[PDB]
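The next block holds one structure in the form of structure tokens; read it before the comments.
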Amino acid sequence: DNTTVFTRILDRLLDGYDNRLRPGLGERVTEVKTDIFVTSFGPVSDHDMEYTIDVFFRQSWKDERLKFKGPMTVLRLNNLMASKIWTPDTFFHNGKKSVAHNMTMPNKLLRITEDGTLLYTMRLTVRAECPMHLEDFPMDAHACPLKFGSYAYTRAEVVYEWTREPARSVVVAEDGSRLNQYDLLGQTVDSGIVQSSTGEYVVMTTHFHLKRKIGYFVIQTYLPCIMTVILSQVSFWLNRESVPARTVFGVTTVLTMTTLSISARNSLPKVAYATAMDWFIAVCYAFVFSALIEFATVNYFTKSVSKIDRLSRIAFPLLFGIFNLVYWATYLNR
Amino acid sequence: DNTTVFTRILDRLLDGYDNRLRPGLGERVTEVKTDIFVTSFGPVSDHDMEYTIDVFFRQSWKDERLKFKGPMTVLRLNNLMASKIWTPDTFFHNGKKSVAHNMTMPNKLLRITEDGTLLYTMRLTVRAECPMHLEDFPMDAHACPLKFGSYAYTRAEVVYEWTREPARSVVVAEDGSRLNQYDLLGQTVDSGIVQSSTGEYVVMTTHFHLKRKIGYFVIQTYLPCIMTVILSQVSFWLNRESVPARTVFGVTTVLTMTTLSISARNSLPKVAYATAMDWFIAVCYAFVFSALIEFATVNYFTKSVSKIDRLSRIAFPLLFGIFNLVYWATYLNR
Amino acid sequence: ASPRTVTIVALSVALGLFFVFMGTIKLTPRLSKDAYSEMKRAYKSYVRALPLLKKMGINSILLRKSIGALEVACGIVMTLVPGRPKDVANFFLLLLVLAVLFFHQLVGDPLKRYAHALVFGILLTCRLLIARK
Amino acid sequence: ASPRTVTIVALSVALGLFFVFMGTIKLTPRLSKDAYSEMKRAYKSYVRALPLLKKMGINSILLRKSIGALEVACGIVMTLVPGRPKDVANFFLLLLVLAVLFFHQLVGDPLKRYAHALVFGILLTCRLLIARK
Ligand SMILES: *[C@@H]1O[C@H](CO)[C@@H](O[C@@H]2O[C@H](CO)[C@@H](O)[C@H](O[C@@H]3O[C@H](CO[C@H]4O[C@H](CO)[C@@H](O)[C@H](O)[C@@H]4O)[C@@H](O)[C@H](O[C@H]4O[C@H](CO)[C@@H](O)[C@H](O)[C@@H]4O)[C@@H]3O)[C@H]2NC(C)=O)[C@H](O)[C@H]1NC(C)=O
Ligand SMILES: *[C@@H]1O[C@H](CO)[C@@H](O[C@@H]2O[C@H](CO)[C@@H](O)[C@H](O[C@@H]3O[C@H](CO[C@H]4O[C@H](CO)[C@@H](O)[C@H](O)[C@@H]4O)[C@@H](O)[C@H](O[C@H]4O[C@H](CO)[C@@H](O)[C@H](O)[C@@H]4O)[C@@H]3O)[C@H]2NC(C)=O)[C@H](O)[C@H]1NC(C)=O
Ligand SMILES: CCCCCCCCCCCCCCCCCC(=O)O[C@@H](COC(=O)CCCCCCCCCCCCCCC)COP(=O)(O)OCC[N+](C)(C)C
Ligand SMILES: CCCCCCCCCCCCCCCCCC(=O)O[C@@H](COC(=O)CCCCCCCCCCCCCCC)COP(=O)(O)OCC[N+](C)(C)C
Ligand SMILES: CCCCCCCCCCCCCCCCCC(=O)O[C@H](COC(=O)CCCCCCCCCCCCCCC)COP(=O)(O)OC[C@H](O)CO
Ligand SMILES: CCCCCCCCCCCCCCCCCC(=O)O[C@H](COC(=O)CCCCCCCCCCCCCCC)COP(=O)(O)OC[C@H](O)CO
Ligand SMILES: CCCCCCCCCCCCCCCC(=O)OC[C@H](COP(=O)([O-])O)OC(=O)CCCCCCCCCCCCCCC
Ligand SMILES: CCCCCCCCCCCCCCCC(=O)OC[C@H](COP(=O)([O-])O)OC(=O)CCCCCCCCCCCCCCC
Ligand SMILES: CC(C)CCC[C@@H](C)[C@H]1CC[C@H]2[C@@H]3CC=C4C[C@@H](O)CC[C@]4(C)[C@H]3CC[C@]12C
Ligand SMILES: CC(C)CCC[C@@H](C)[C@H]1CC[C@H]2[C@@H]3CC=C4C[C@@H](O)CC[C@]4(C)[C@H]3CC[C@]12C
């Protein structure tokens with residue numbers, strides 16, 4: 001008995017229904033309200049400059065052709081019904097019009113309210129391009145965009161709006177973070193317009209603001225280099241008559257800095273521009289090299305405690321300390 | 001005209017065909033010849049102890065029910081025909097009977113020869129478990145298995161054999177390597193039997209022999225540690241009357257080794273057992289610590305060049321050199 | 001008194017006070033049962049990670065007792081007994097910290113676990129440098 | 001003659017022979033056109049990676065000429081002219097290698113690129129240590 005009543009309702013809805021025509025194609029503009037729940041923010045691939053994200057993508061719109069009256073005010077139907085009616089062809093595209101990789105599960109819930117409002121949500125895994133500027137690496141931040149919109153309908157036919165306040169229309173799960181070496185500080189939600197060869201389209205954009213975590217590189221590179229620079233300056237306190245010992249000191253320390261420098265970029269991709277870390281390593285290398293050069297000058301004048309050593313005991317620590325203050329203040333105050 | 005002739009052939013083959021019964025279910029054992037072409041050996045995930053592989057999986061067998069005679073001796077048909085006939089339910093399983101992740105593309109070529117021989121190949125991406133023993137890390141090697149067989153048919157019903165010589169039945173593409181920190185030395189092909197709760201099954205196995213590349217860790221950890229140990233022993237050549245300088249030397253060098261040790265395992269997973277690298281770092285730490293302990297002893301007897309320093313100049317370099325010979329010979333001769 | 005006279009006593013007492021406290025943990029769990037429970041786990045791994053140590057009949061129990069015995073014996077000496085034996089105790093502790101640091105680094109424990117030993121290692125040697133004028 | 005007398009001459013001549021050879025590359029591509037083509041690329045990056053260097057009107061061409069000019073001037077001096085000026089040239093080269101090594105490390109080039117400069121840096125200073133008895 002119950003099935004017969006619902007079978008008639010479905011037949012009535014599809015009787016004379018033309019899924020080839022969008023609602024309001026001749027009367028008004030179809031307004032689609034959208035919101036995104038990020039179930040997990042997948043890992044970031046620096047080599048490919050891309051990132052993965054798993055979301056519950058929810059879309060809602062009104063289609064007056066699907067009005068009905070019956071025992072229930074809302075029809076929670078199987079997702080199979082979605083393929084039988086017209087739905088927006090929304091897709092996630094990286095850049096201007098290139099659709100990004102999409103993996104949609106078969107389940108796509110469809111709920112029709114008696115008023116004719118439709119709720120249509122799907123589970124998607126989107127891999128998107130996130131170009132990165134690594135000039136400030138490892139103290140850099142990136143805004144990874146997520147852009148989507150209509151493929152075929154221009155702004156004069158379909159417009160997208162956020163279901164609620166734009167900030168509250170994109171929600172990130174509390175424990176969905178899959179980032180290893182990045183911290184998700186937040187995201188900004190915005191919308192814009194793109195004019196392509198096929199026309200003008202509405203694009204909904206969200207930027208996820210990521211900040212690199214420096215802890216790994218502080219332990220791996222910066223700290224060993226700082227101790228090496230400090231270690232090299234201890235030579236100024238040794239007596240000038242220990243030429244074999246201090247020469248081995250200078251050469252060995254330069255070798256250590258060379259080894260540390262080689263392993264620092266072993267992991268990073270071969271980018272043409274120089275990063276902030278390279279500048280720090282290069283300056284430290286100069287200090288270690290200069291420490292040995294100072295001894296060579298001292299030995300040349302060895303016939304009393306060298307005046308060059310006494311001054312180097314102050315100039316070298318002072319300049320290096322000043323350099324750290326400017327370097328860290330420059331890349332952290334931002 | 002051509003379509004009509006081929007339509008009749010297909011109808012004749014399917015006339016009275018029972019796809020529920022394997023060929024030879026009452027006369028003989030169905031022999032299936034298999035070979036694998038590895039198009040790419042995907043990356044290895046140490047954290048998950050798994051690996052990915054993309055292959056063209058080819059299977060061939062004879063089904064006398066599909067004999068035919070016509071203008072062509074071989075029918076290169078659409079893969080849709082495969083679903084309409086009986087095919088082996090071969091799957092890739094990790095361990096004993098747990099089917100591993102499989103991603104098969106829609107295309108599954110089917111070719112039927114006039115003799116009744118069938119060729120059935122499919123494109124698969126298999127993620128498989130590869131348990132790793134990291135005792136010899138980073139000088140370790142692993143044999144990652146790839147096991148597959150019938151899910152429902154026992155050895156008394158279905159048996160798998162290699163199409164040709166077992167070594168030549170598994171071919172790896174020359175440029176298919178997707179390994180970053182591993183080297184694929186080769187693979188060994190074998191077959192065995194597994195007795196499960198549901199019966200006894202034939203399992204075809206291939207082991208891929210992987211060897212870790214030590215170059216990254218030599219630059220990152222071993223070399224800085226070796227130079228630090230050498231650097232610490234330079235103190236024995238400094239005069240005993242430089243207590244402030246040599247104390248800073250000892251403390252600073254110990255700090256550097258502490259920093260290097262912390263960053264060495266920063267990347268490795270938290271495994272309970274100790275690796276080969278840990279032993280090397282621990283021994284180097286003792287040498288650096290002992291260098292400072294030697295000076296403390298020397299200062300205690302400072303009222304002439306210390307006899308302890310003269311002996312330490314030989315004992316310390318000698319023991320460390322011997323330790324390297326035993327360590328590297330132990331983990332490389334294998 | 002002179003800063004050197006005051007400073008040496010504080011380090012000598014403090015290190016013996018702290019090291020004897022550690023030695024008690026490895027022996028008697030009365031002060032902290034949880035500490036002994038975790039401590040025995042650490043020494044189980046060390047011997048298990050030093051086969052030859054266990055190939056000569058030496059077990060973790062014998063290892064745990066010996067280290068605790070020497071730390072307390074040397075810790076009290078550095079607190080009460082003056083003179084040359086006081087410095088001799090300091091050297092022996094210096095010969096155990098590296099062994100402790102050779103075990104923690106032989107299992108890859110984080111800094112927090114072995115930070116305390118390293119800090120006192122610097123102080124332990126620093127005290128020896130100020131043993132006498 | 002004495003090993004020191006022979007050794008110093010070889011290093012002094014060789015370094016001046018090699019460094020003048022490098023200075024020619026940065027100036028005249030006749031010896032190796034390919035070397036100059038790649039060399040100018042390196043110095044384009046260095047200034048581009050040192051804005052303030054380019055904010056004072058200093059371009060790569062001026063930078064390339066200056067370094068090449070000093071290396072050849074100091075390289076020939078270390079080969080022919082004896083006495084104190086010979087050692088002064090050595091110090092100036094020591095003051096340029098770090099600048100070269102401060103540029104290569106400021107762009108993250110591999111070891112092979114800047115290995116030659118580092119090796120001669122050790123020899124260049126070693127020669128100075130044996131400047132006189
Ligand atoms: C992302 O999600 C989509 C949808 O689920 C996946 O399928 C792709 O959907 C697109 C629409 O959203 C399709 O355009 C695309 O395939 C298109 O095929 C057109 C030709 O039509 C033939 O093929 C389709 C698909 O098999 C078939 O249904 C149809 O009956 C025909 O046989 C092409 O014209 C079209 O090309 C478009 O872009 C090119 C860019 O150069 C233009 O030149 C064309 O004019 C045109 O605008 C397109 O190829 C669907 N593709 C597939 C494989 O299903 C995507 O696969 C998902 N992304 C990923 C990465 O998987
Ligand atoms: C690997 O490749 C396979 C094949 O393409 C993918 O699909 C799985 O195929 C298996 C056979 O090779 C199926 O067993 C498995 O689903 C099974 O479903 C049985 C119940 O049948 C219902 O569901 C199926 C699938 O939707 C449907 O066709 C059928 O009409 C019924 O509605 C289960 O009994 C079976 O469980 C088996 O293992 C459990 C282990 O505990 C036993 O207890 C059971 O007795 C039984 O032996 C199994 O679940 C197919 N699964 C899916 C999702 O399609 C796999 O998905 C591929 N792997 C991966 C990781 O995707
Ligand atoms: C003239 C000589 C000058 C010598 C100056 C020495 C200065 C200090 C030297 C530094 C060496 C140690 C650096 C450690 C950095 C990391 C600390 C850290 O993160 O500690 C905690 C948490 O720390 C924090 O969250 C930040 C702590 C900030 C405060 C640090 C204070 C340091 C004081 C040093 C005093 C030195 C005095 C020397 C006197 C001779 C977590 O431990 P991890 O290091 O992560 O342990 C390893 C874990 N894993 C392998 C899995 C990665
Ligand atoms: C008493 C003092 C004792 C001092 C002893 C010093 C011993 C040598 C010190 C070692 C420091 C350098 C270590 C370099 C290791 C890597 C070399 C290497 O791989 O070189 C080539 C290729 O080398 C090989 O294939 C192997 C070479 C083996 C032979 C090495 C000979 C070394 C001789 C050293 C002589 C030192 C004399 C010192 C005298 C005072 C490739 O260059 P990369 O290092 O990969 O460049 C970086 C690239 N990337 C950042 C992208 C990773
Ligand atoms: C003559 C001696 C002078 C000594 C001067 C000392 C000045 C004070 C500094 C002393 C040592 C500081 C050591 C700081 C360790 C920080 C470790 C770390 O990872 O810090 C991160 C915070 O970032 C930093 O600390 C950045 C580096 C700070 C500065 C480091 C150098 C010291 C300051 C400059 C010294 C200059 C010495 C000049 C000598 C002449 C925290 O990371 P996170 O919480 O974002 O996530 C990490 C992740 O979860 C894994 O754990
Ligand atoms: C008083 C001074 C004594 C000095 C004694 C010196 C003895 C000879 C050693 C000199 C330095 C050797 C430097 C070797 C660098 C090797 C770099 C490397 O990566 O080597 C790998 C080969 O493996 C090794 O070389 C392993 C380490 C060898 C030994 C390193 C230490 C030196 C020997 C022991 C010295 C002991 C000193 C005692 C001092 C008292 C190659 O990797 P791959 O080809 O497999 O792939 C790498 C990847 O593609 C990225 O490039
Ligand atoms: C990027 C550029 C890096 C440059 C690094 C240079 C390192 C070496 C510097 C050597 C400077 C001195 C050269 C020799 C001058 C001279 O005549 O010295 C002899 C006398 C002292 O004689 P005696 O008392 O030793 O017998 O000397 C005197 O009477 C006067 C001595 C003055 C010494 C001044 C030292 C200044 C050190 C500054 C270090 C800055 C490091 C910056 C690193 C980025
Ligand atoms: C895992 C264990 C690590 C142990 C590390 C120990 C490091 C410190 C070793 C100190 C040994 C000496 C202790 C003091 C003995 C003594 O009486 O010394 C005074 C006299 C010398 O007096 P003076 O001539 O200096 O006035 O002394 C003498 O007349 C005799 C001096 C003999 C010195 C022997 C030195 C042996 C060094 C071996 C180093 C092995 C390192 C192994 C690292 C794993
Ligand atoms: C050889 C001497 C003169 C060099 C002096 C360098 C001085 C002027 C400093 C001041 C500001 C510095 C720059 C600040 C920021 C960056 C971005 C970084 O991604 C690479 C290094 C680079 C480009 C620095 C290079 C060195 C620099 C230009
Ligand atoms: C404190 C003193 C006595 C320690 C002496 C250690 C000597 C005996 C050496 C000889 C062989 C060595 C072992 C050889 C191999 C391994 C496997 C590695 O994954 C961890 C270290 C470990 C387990 C070594 C520990 C140290 C060891 C036992």
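Here, A, B, ... name the chains of the structure tokens in the order displayed, residue numbers run from 1 inside each chain, and ligands are numbered from 1 in the same displayed order.
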Check the DSSP output for the backbone and give back, as a VMD selection string, the residues of region 22-67 of chain C in helix (DSSP H, G or I).
-> chain C and resid 22 to 27 33 to 48 51 to 55 60 to 67
Can I get the residues close to ligand 8 as a short mmCIF file (atom, residue, chain, number, x, y, z; two decimals) with N, CA, C and O atoms, in the first residue's frame, where close means within 10 Å and we count only C-alpha atoms and all ligand atoms?
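Saved the output as out.cif:
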```
data_model
loop_
_atom_site.label_atom_id
_atom_site.label_comp_id
_atom_site.auth_asym_id
_atom_site.auth_seq_id
_atom_site.Cartn_x
_atom_site.Cartn_y
_atom_site.Cartn_z
N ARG B 240 97.81 22.07 27.89
CA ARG B 240 96.96 21.84 29.05
C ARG B 240 96.59 23.13 29.79
O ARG B 240 95.64 23.12 30.57
N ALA B 282 75.74 6.26 19.06
CA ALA B 282 76.06 6.09 20.47
C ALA B 282 77.56 5.96 20.69
O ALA B 282 78.11 6.56 21.62
N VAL B 283 78.24 5.19 19.84
CA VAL B 283 79.69 5.04 19.98
C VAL B 283 80.38 6.37 19.75
O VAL B 283 81.30 6.75 20.49
N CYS B 284 79.96 7.12 18.73
CA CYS B 284 80.55 8.43 18.49
C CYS B 284 80.32 9.36 19.67
O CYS B 284 81.21 10.14 20.04
N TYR B 285 79.13 9.31 20.27
CA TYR B 285 78.86 10.14 21.44
C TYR B 285 79.81 9.81 22.59
O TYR B 285 80.28 10.71 23.28
N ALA B 286 80.08 8.52 22.80
CA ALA B 286 81.01 8.13 23.86
C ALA B 286 82.41 8.68 23.60
O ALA B 286 83.07 9.16 24.52
N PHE B 287 82.87 8.60 22.35
CA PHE B 287 84.19 9.13 22.01
C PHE B 287 84.28 10.62 22.27
O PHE B 287 85.26 11.11 22.84
N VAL B 288 83.26 11.38 21.86
CA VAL B 288 83.28 12.82 22.11
C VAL B 288 83.21 13.10 23.60
O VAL B 288 83.93 13.96 24.12
N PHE B 289 82.34 12.40 24.32
CA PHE B 289 82.25 12.60 25.77
C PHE B 289 83.56 12.23 26.44
O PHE B 289 84.04 12.94 27.33
N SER B 290 84.17 11.11 26.03
CA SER B 290 85.42 10.66 26.63
C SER B 290 86.56 11.63 26.35
O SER B 290 87.49 11.73 27.16
N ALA B 291 86.51 12.34 25.23
CA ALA B 291 87.57 13.30 24.93
C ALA B 291 87.60 14.38 25.99
O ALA B 291 88.68 14.80 26.44
N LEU B 292 86.42 14.85 26.40
CA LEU B 292 86.32 15.86 27.44
C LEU B 292 86.70 15.28 28.80
O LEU B 292 87.35 15.95 29.61
N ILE B 293 86.30 14.04 29.07
CA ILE B 293 86.68 13.37 30.31
C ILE B 293 88.19 13.24 30.41
O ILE B 293 88.77 13.37 31.49
N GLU B 294 88.86 12.98 29.28
CA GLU B 294 90.32 12.90 29.29
C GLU B 294 90.94 14.21 29.74
O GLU B 294 91.89 14.22 30.53
N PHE B 295 90.43 15.34 29.25
CA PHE B 295 90.97 16.63 29.67
C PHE B 295 90.75 16.88 31.15
O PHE B 295 91.63 17.42 31.83
N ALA B 296 89.59 16.49 31.68
CA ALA B 296 89.35 16.68 33.11
C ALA B 296 90.39 15.94 33.94
O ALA B 296 90.88 16.45 34.95
N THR B 297 90.75 14.72 33.52
CA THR B 297 91.81 13.98 34.19
C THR B 297 93.15 14.70 34.06
O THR B 297 93.91 14.79 35.03
N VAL B 298 93.46 15.21 32.87
CA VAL B 298 94.72 15.90 32.65
C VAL B 298 94.82 17.14 33.53
O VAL B 298 95.85 17.40 34.15
N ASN B 299 93.74 17.93 33.59
CA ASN B 299 93.77 19.13 34.42
C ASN B 299 93.97 18.80 35.89
O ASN B 299 94.60 19.57 36.62
N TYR B 300 93.44 17.66 36.35
CA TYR B 300 93.58 17.32 37.76
C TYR B 300 95.04 17.13 38.15
O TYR B 300 95.42 17.40 39.30
N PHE B 301 95.87 16.68 37.21
CA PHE B 301 97.29 16.45 37.46
C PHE B 301 98.16 17.59 36.96
O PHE B 301 99.39 17.46 36.95
N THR B 302 97.57 18.71 36.56
CA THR B 302 98.33 19.87 36.12
C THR B 302 98.78 20.67 37.33
O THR B 302 97.95 21.16 38.10
N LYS B 303 100.09 20.79 37.49
CA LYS B 303 100.67 21.47 38.65
C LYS B 303 100.68 22.98 38.45
O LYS B 303 99.63 23.61 38.30
N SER B 304 105.02 19.91 32.29
CA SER B 304 105.38 19.04 31.17
C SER B 304 104.15 18.59 30.41
O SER B 304 103.03 18.63 30.94
N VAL B 305 104.34 18.17 29.16
CA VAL B 305 103.24 17.64 28.37
C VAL B 305 102.70 16.39 29.05
O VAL B 305 103.45 15.47 29.39
N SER B 306 101.38 16.35 29.24
CA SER B 306 100.77 15.24 29.97
C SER B 306 100.99 13.93 29.23
O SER B 306 100.85 13.85 28.00
N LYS B 307 101.34 12.89 29.99
CA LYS B 307 101.47 11.56 29.41
C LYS B 307 100.12 11.02 28.94
O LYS B 307 100.06 10.27 27.96
N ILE B 308 99.04 11.39 29.63
CA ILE B 308 97.71 10.94 29.21
C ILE B 308 97.38 11.47 27.82
O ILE B 308 96.85 10.75 26.98
N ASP B 309 97.70 12.74 27.56
CA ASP B 309 97.46 13.30 26.24
C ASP B 309 98.26 12.56 25.18
O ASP B 309 97.73 12.23 24.11
N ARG B 310 99.53 12.27 25.46
CA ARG B 310 100.37 11.59 24.48
C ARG B 310 99.80 10.22 24.13
O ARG B 310 99.82 9.82 22.96
N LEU B 311 99.29 9.49 25.12
CA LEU B 311 98.71 8.18 24.84
C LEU B 311 97.35 8.31 24.18
O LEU B 311 97.01 7.54 23.28
N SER B 312 96.54 9.28 24.62
CA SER B 312 95.23 9.49 24.00
C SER B 312 95.36 9.84 22.53
O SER B 312 94.47 9.51 21.73
N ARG B 313 96.45 10.49 22.14
CA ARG B 313 96.68 10.83 20.74
C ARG B 313 96.74 9.59 19.85
O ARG B 313 96.51 9.70 18.64
N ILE B 314 97.04 8.42 20.42
CA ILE B 314 97.13 7.19 19.66
C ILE B 314 95.96 6.26 19.94
O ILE B 314 95.41 5.67 19.01
N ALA B 315 95.57 6.10 21.20
CA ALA B 315 94.51 5.16 21.53
C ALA B 315 93.19 5.56 20.89
O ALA B 315 92.52 4.73 20.26
N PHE B 316 92.80 6.82 21.04
CA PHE B 316 91.50 7.25 20.53
C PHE B 316 91.38 7.11 19.02
O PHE B 316 90.42 6.47 18.55
N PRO B 317 92.29 7.65 18.20
CA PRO B 317 92.18 7.42 16.75
C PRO B 317 92.23 5.96 16.36
O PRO B 317 91.54 5.54 15.42
N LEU B 318 93.04 5.16 17.06
CA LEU B 318 93.17 3.75 16.71
C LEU B 318 91.87 2.99 16.95
O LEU B 318 91.39 2.27 16.06
N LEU B 319 91.28 3.15 18.13
CA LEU B 319 90.07 2.41 18.44
C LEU B 319 88.93 2.81 17.51
O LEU B 319 88.19 1.95 17.02
N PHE B 320 88.78 4.11 17.26
CA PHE B 320 87.72 4.56 16.36
C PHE B 320 87.92 4.03 14.95
O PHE B 320 86.96 3.62 14.29
N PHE B 323 86.89 0.43 14.98
CA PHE B 323 85.44 0.29 15.07
C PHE B 323 84.78 0.47 13.71
O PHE B 323 83.84 -0.25 13.36
N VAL C 88 87.78 10.98 43.24
CA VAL C 88 87.75 9.67 42.58
C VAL C 88 86.32 9.27 42.28
O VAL C 88 86.02 8.72 41.21
N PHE C 91 85.16 10.98 39.11
CA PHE C 91 85.63 10.37 37.87
C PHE C 91 84.81 9.13 37.52
O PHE C 91 84.47 8.92 36.35
N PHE C 92 84.49 8.30 38.51
CA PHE C 92 83.71 7.10 38.24
C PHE C 92 82.33 7.45 37.71
O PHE C 92 81.84 6.81 36.77
N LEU C 94 81.65 10.10 36.00
CA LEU C 94 81.92 10.50 34.63
C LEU C 94 82.08 9.28 33.73
O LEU C 94 81.81 9.36 32.52
N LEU C 95 82.51 8.15 34.29
CA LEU C 95 82.65 6.93 33.52
C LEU C 95 81.35 6.16 33.39
O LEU C 95 81.29 5.20 32.61
N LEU C 96 80.31 6.54 34.14
CA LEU C 96 79.00 5.91 34.03
C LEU C 96 78.03 6.71 33.18
O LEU C 96 77.18 6.11 32.51
N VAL C 97 78.13 8.04 33.19
CA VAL C 97 77.21 8.86 32.42
C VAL C 97 77.31 8.53 30.94
O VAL C 97 76.29 8.38 30.25
N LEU C 98 78.53 8.41 30.42
CA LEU C 98 78.69 8.04 29.02
C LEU C 98 78.09 6.67 28.75
O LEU C 98 77.46 6.45 27.71
N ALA C 99 78.27 5.73 29.69
CA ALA C 99 77.62 4.43 29.54
C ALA C 99 76.11 4.58 29.52
O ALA C 99 75.42 3.94 28.72
N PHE C 102 75.53 6.16 26.37
CA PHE C 102 75.75 5.17 25.33
C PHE C 102 74.60 4.19 25.20
O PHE C 102 74.45 3.56 24.14
#
```
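The spacing separating CA of residue 62 (chain A) from CA of residue 118 (chain A) amounts to 5.9 Å.
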Would you write out, as a tab-separated table, a table of all residues in chain B that have an atom no more than 6 Å from an atom of ligand 10, listing for each the closest atom pair and the distance in Å to one decimal, considering only C-alpha atoms and all ligand atoms and ordering rows by chain and rising residue number?
```
residue	atom	partner	partner_atom_place_in_ligand_line	distance
B:135	CA	ligand 10	19 (O)	4.0
B:136	CA	ligand 10	19 (O)	5.4
B:274	CA	ligand 10	20 (C)	4.9
B:275	CA	ligand 10	19 (O)	3.7
B:276	CA	ligand 10	18 (C)	4.1
B:279	CA	ligand 10	21 (C)	5.0
```
Shell of 10 Å around residue 122 (chain C), only C-alpha atoms, local chain residues under 3 positions omitted, as a list in words =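 Near neighbours after the sequence-gap exclusion: residues 247, 250, 251, 254, 289 and 292 of chain B; 94, 117, 118, 119, 125, 126 and 127 of chain C.
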Record the distance separating CA of residue 77 (chain B) and CA of residue 111 (chain B), expressed in Å with one decimal.
->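 Calculated distance between CA of residue 77 (chain B) and CA of residue 111 (chain B) is 6.1 Å.
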Step by step, measure atom-to-atom distances between ligand 9 and each residue using only C-alpha atoms and all ligand atoms, keep those at most 9 Å, then write them as a VMD selection string.
-> (chain A and resid 134 to 137 273 to 280 283 327 330 to 331) or (chain D and resid 46 to 54 99 102 to 103 106 to 107)
Please, which residues have at least one atom within 7 Å of an atom of ligand 5, using only C-alpha atoms and all ligand atoms, listed as a PyMOL selection string?
-> chain A and resi 213-216+218-219+223+226+230+317-318+320-321+324
Write out as a list in words each polymer residue whose atoms come within 12 Å of residue 55 (chain A), counting only C-alpha atoms; drop sequence neighbours fewer than 3 positions from it.
->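 Near residue 55 (chain A), the qualifying residues are residues 35, 36, 37, 38, 39, 40, 41, 42, 52, 58, 92, 102, 103, 104, 105, 121, 122, 123, 124, 125, 126, 127, 146, 170, 171, 172, 173 and 176 of chain A.
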Contacts to ligand 1 at 7 Å cut-off (only C-alpha atoms and all ligand atoms) as a ChimeraX atom specification | /A:89,91,99-103
Given only C-alpha atoms as the counted atoms, nearest of C:104, C:41, C:112, C:86 to residue 73 (chain C) =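 Ranked by minimum distance to residue 73 (chain C), first place goes to C:86.
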